[PDB]
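Just one chain follows, in the form solved without the named molecule, and it is written as structure tokens.
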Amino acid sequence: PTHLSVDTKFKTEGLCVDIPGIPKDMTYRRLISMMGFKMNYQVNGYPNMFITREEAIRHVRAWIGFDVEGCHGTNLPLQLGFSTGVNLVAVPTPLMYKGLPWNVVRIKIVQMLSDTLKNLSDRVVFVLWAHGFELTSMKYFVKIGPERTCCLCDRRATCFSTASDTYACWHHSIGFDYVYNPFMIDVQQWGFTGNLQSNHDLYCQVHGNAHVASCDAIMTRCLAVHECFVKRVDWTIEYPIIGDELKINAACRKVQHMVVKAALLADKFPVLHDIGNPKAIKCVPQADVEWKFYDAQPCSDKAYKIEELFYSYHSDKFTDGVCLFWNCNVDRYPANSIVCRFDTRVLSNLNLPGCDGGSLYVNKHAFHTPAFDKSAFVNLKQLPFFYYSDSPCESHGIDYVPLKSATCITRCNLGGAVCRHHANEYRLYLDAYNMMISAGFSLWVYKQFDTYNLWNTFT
């Protein structure tokens, strides 16, 4: 049981309005055949156009919600809608494009999918809420066959060109006209009572139905993400490295050590309440403080209520000392906190649009994150950049341009001149910091946090 068998049944009920008289008994094998695709018994890595829910989750980065609306059936024009917000009108002679033939529409489809997916995935997964027209229209922009490699590289083939008779991946597909060997999943096959809007609206207020095909494409992919990442959570599924994942994670660990170490020196809190990851370790192992840990998994639905995390009877006194919420998303942070909160609005290859304003952050693992809300941080202030060091000024072992900064909290800068070692360390840390900030993480601290209190820690 690795792939979805072509002899598995397909419920055709949601298909009988666009396709009246459709057989109740239907398989993937009969469906694909009906759609105009000859599989020809092929053992070349393409067993089925349709995929399992587990395979769809593994290839979430590849998801594109797709919906076709019968605008007026080879006699009438079709409105193609994609979760990218695009709307194409195809004729058989929220970006709403006018009526054009299939030969020109298919070119735009390859451009759009290639530009959206090149940095994200090795494939496309057409996420559907199948009513009939989306499956009839696939023969006009899709070609299938044995699994292939790009004509210009070693990545797997995702497009095809009828002009040059060649294949290409998402990167080298300029001028290509066919979507080669795509994947798809029908969300209606998962046992839903009622239509798309009714089921989507149960979990999301952010996507509205303007009645265009792209709105349904967005609601479909949203509902698919809710089902697989919000209500169901699988943190065992690993995901490929497609960006700055290792530098972002390394930066995160450096920023946390720094920020937490400095707060303990500036305000000498006797106790630290570490609320978050049940698999966490002391980020400042040599600190004087009393480290008390409290397990809390990453919330994927709605941000935790601070009342339910702390109260109902542990130190019990969370007001004693400082609270460290490192990626533990709560509705309103106490005033004595140090917080790292991922901003779901950040635009990146790691961040995918989520459910109810939240986002799917995929970095080694998929984490659906609740919508960033600026009000969560009313009793806190933004933590400013600073680099603190108590290490000796010793170069050991790159070139040098004198460093001048007010945010380099070191003994050398106290003395009047920053040494080469602390200048390399400051610049390296500022890069890790800028990396982590740009990757969408925001840092917040208690209002009394003053870096002026760190200069006295060398006496």
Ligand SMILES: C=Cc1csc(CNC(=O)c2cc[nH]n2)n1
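Numbering starts at 1 and follows the sequence shown.
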Chain break class for residue 93 to residue 94, judged by how many deposited residues have no coordinates: 10 or more
Taking the mean of the C-alpha B-factors per stretch from the entry, tell me the winner out of 178 to 186 and 146 to 154. 146 to 154
Can you tell me whether 418 to 426 has a higher mean C-alpha B factor than 36 to 44 in this record, or the other way round? 36 to 44
Whose C-alpha has the highest temperature factor in the PDB entry: 318, 386, 377, 361? 318
Top Cα B-factor in this entry, restricted to 306, 110, 255, 128, sits on 306
So where's residue 77 on the chain's Cα temperature factor ranking, which third? highest
C-alpha B factor of residue 353, ranked within the chain: lowest, middle or highest third? lowest
Could you tell me which third, lowest, middle or highest, the C-alpha B-factor of residue 286 occupies within its chain? highest
Would you please rank residue 89 by its C-alpha temperature factor against the other modelled residues of its chain and give the third it falls in: lowest, middle or highest? middle
C-alpha B factor of residue 51, ranked within the chain: lowest, middle or highest third? lowest
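One more form of this protein, solved in complex with the named molecule, exists but is not displayed; see below.
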Taking the named molecule in the bound PDB entry and overlaying it onto this form via the surrounding C-alphas, would you call the pocket open or blocked, using 3+ ligand atoms within 2.4 Å of backbone or C-beta atoms as the cut? blocked
Run the contact test on 79, 89 and 216 with a 4.5 Å heavy atom cut-off to the named molecule in the bound PDB entry and return yes or no. yes
Among 212, 228, 376, 187, which has any heavy atom within 4.5 Å of the named molecule in the bound PDB entry? 212
The named molecule contact in the bound PDB entry: residue 151, any heavy atom under 4.5 Å: no
Can you tell me which residues in 322 to 356 come within 4.5 angstroms of the named molecule in the bound PDB entry, by heavy atoms? none
